[PDB]
2 protein chains.
Amino acid sequence: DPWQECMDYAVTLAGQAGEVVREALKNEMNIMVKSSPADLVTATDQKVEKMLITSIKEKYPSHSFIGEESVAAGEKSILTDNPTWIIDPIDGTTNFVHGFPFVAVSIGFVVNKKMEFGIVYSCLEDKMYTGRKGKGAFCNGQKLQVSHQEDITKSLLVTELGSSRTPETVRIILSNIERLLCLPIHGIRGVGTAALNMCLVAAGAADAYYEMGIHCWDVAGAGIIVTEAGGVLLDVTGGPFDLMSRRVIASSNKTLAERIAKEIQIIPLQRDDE
Amino acid sequence: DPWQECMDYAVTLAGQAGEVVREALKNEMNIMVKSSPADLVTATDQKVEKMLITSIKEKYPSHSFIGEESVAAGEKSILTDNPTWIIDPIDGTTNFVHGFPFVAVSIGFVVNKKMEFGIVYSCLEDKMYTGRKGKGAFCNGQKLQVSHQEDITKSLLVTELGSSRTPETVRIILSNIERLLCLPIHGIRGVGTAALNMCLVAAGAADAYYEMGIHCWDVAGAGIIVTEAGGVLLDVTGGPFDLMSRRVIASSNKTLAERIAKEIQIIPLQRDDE
Ligand SMILES: [Mg+2]
Ligand SMILES: [Mg+2]
Ligand SMILES: [Mg+2]
Ligand SMILES: [Mg+2]
Ligand SMILES: [Mg+2]
Ligand SMILES: [Mg+2]
């Protein structure tokens with residue numbers, strides 16, 4: 001089972017990356033700015049990504065890579081049918097900078113443009129989330145299952161305010177939150193990382209997650225965990241989920257997903273493939 | 001040391017209450033609503049409260065009690081100088097109903113209308129947060145310390161959307177978030193409970209917490225944990241913290257607290273002592 005060997009190797013690697021992250025948390029940081037004042041990167045993000053990609057590439061030199069900080073350093077963000085590793089070295093950089101205890105290493109493996117396996121390591125909780133097509137979803141060995149609430153007025157939803165600080169954009173995000181909150185729903189949550197918000201849905205701790213402004217690396221590892229736990233992915237348009245589209249609804253079921261799509265106003269964004 | 005004997009006993013009872021909450025997560029729930037369609041209560045909330053008060057009262061029958069569900073049943077919430085136990089049997093009922101893993105038992109002990117000790121047990125995490133005036137703040141025996149960021153534009157703030165579903169109320173809460181978000185700040189977080197949001201600030205995982213709409217039982221146990229970890233409490237008016245006012249800023253430092261107070265709009269609220 002070649003993909004299982006890939007996965008086993010990558011789980012070990014994610015563990016090693018999380019040790020690096022924990023040690024760095026206790027040292028002084030170099031906090032740099034990317035696309036907005038709220039879009040942060042540290043030297044640890046960059047170091048961990050280099051560690052991960054150079055290791056995996058050395059072992060699997062014919063595979064392809066899409067990494068967040070690699071793309072920031074000029075690599076192209078193209079998804080082909082070739083086995084592709086989609087890496088977020090630190091999902092929740094802002095959390096890392098503050099010691100907010102939801103910081104993930106995320107690794108997605110994609111073949112024929114379909115998610116095959118995903119690894120999301122919650123570094124500060126020591127929780128290893130895994131999933132693989134046809135194999136189940138787990139947290140530290142415990143099988144994961146989504147909840148089953150088809151009534152949005154009894155749902156607990158998850159989302160984030162995003163790194164944008166452009167007033168028009170922030171206004172639509174908050175207007176989407178206002179619309180949903182007043183349907184009414186039970187509440188909105190978030191822990192400040194897309195991967196771990198999705199893992200909370202996978203585990204049955206909330207009913208659905210949505211966000212616009214994410215990238216393929218934020219969601220590729222957690223997407224298969226959600227679906228192997230029994231959930232569904234959709235685009236915010238109602239159509240099929242598209243990994244390169246910057247948009248996601250990750251839901252325990254289709255009824256909830258389709259309803260959320262109906263209430264959300266779409267923001268404009270640069271696709272990861274343009 | 002009389003109050004230490006009170007505290008040691010109450011930590012044992014908090015542990016017992018947390019085991020009751022964890023066993024209830026398993027079984028069917030009776031979900032009732034209180035002050036709004038999103039203000040939930042279960043039989044477990046009511047059970048735990050009665051367990052706590054009957055037990056503490058037998059040991060300390062001259063002391064006073066203020067409990068969330070007792071007040072909901074018609075009891076008064078009068079704070080006198082008499083040693084007073086202020087109890088939130090389950091802080092985060094919505095989280096409890098959904099399995100969102102931040103659910104707390106909160107006990108505050110107040111003497112001469114001053115916080116003396118506080119106990120906040122994170123049930124699903126097995127994290128016992130404690131604090132006593134002149135003794136320090138701890139999580140499972142490890143001393144807590146707030147972080148030190150005096151620049152709000154580099155801050156991570158914590159808050160919640162509230163249980164109100166009244167449009168005019170939700171509009172101000174979201175406007176306050178918009179104002180803060182665009183200062184700009186690094187982000188807003190929350191885990192869906194006042195007491196655990198405050199314990200995250202105590203532990204240095206976020207820079208400050210604010211909310212309007214809370215009650216004395218939401219904050220009495222965590223308040224002393226925040227101040228013994230080196231933080232400060234303030235009213236949103238900039239004045240001293242008032243436990244019965246339905247308003248709180250719990251901050252690592254005074255500079256951030258005062259800036260938050262300057263930026264947000266107050267919502268009118270029925271006091272706990274009116
Ligand atoms: Mg980033
Ligand atoms: Mg990242
Ligand atoms: Mg990310
Ligand atoms: Mg309540
Ligand atoms: Mg409560
Ligand atoms: Mg409460």
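Chain letters run A, B, ... following the sequence lines, proteins first, then strands; residues in each count from 1. Hydrogens, waters and symmetry mates play no part in the numbers below; they use all other heavy atoms, side chains included.
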Max heavy-atom pairs within cutoff under 4.5 Å with chain A, candidates B/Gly192, B/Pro101, B/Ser36, goes to B/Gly192
Note: vs chain B, highest number of non-hydrogen pairs under 4.5 angstrom among A/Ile31, A/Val170, A/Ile188 is A/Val170
Could you measure the distance from the NZ atom of B/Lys154 to the OG1 atom of A/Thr94? Nearest 0.5 Å is fine. 12.0 Å
For B/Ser155, is it the side chain, the backbone, both or neither that has a heavy atom under 4.5 Å from a heavy atom of chain A? backbone
For B/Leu200, is it the side chain, the backbone, both, or neither that has a heavy atom closer than 4.5 Å to a heavy atom of chain A? side chain
For atom NZ of A/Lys47, decide whether the heavy atoms of other residues, nucleotides or ligands shown that lie under 6.0 angstrom number more than 12. no
Cut-off 4.5 Å, heavy atoms of chain B, and the answer for A/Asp39 is neither
Relative to chain B, which segment of A/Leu156 carries a heavy atom at a distance below 4.5 Å: side chain, backbone, both, or neither? both
Around atom CD of B/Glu23, are there more than 12 heavy atoms from other residues, nucleotides or ligands closer than 6.0 Å? yes
Rounding to 0.5 Å, atoms CZ (A/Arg189) and NE2 (B/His98) come to a distance of 8.0 Å
Quick one: what part of A/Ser175 sits under 4.5 Å from any heavy atom of chain B, side chain, backbone, both or neither? neither
Heavy-atom side-chain contact between A/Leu161 and B/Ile177 under 4.5 Å: yes
Nearest heavy-atom pair of B/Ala205 and A/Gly99: which atoms, and what distance? CB-O, 3.5 Å
State, to 0.1 Å, how close A/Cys182 and B/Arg165 come at their nearest heavy-atom pair, and which atoms those are. SG-O, 4.5 Å
Side chain, backbone, both or neither: which part of A/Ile173 has an atom under 4.5 Å from a heavy atom of chain B? neither
Counting heavy-atom pairs closer than 4.5 Å to chain B, which one of A/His186, A/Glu178, A/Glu160 comes out on top? A/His186
Considering residues, nucleotides and ligands other than B/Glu19, do more than 12 of their heavy atoms fall under 6.0 Å from its CD? yes
Side-chain touch A/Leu181/B/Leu174, heavy atoms, less than 4.5 angstrom: no
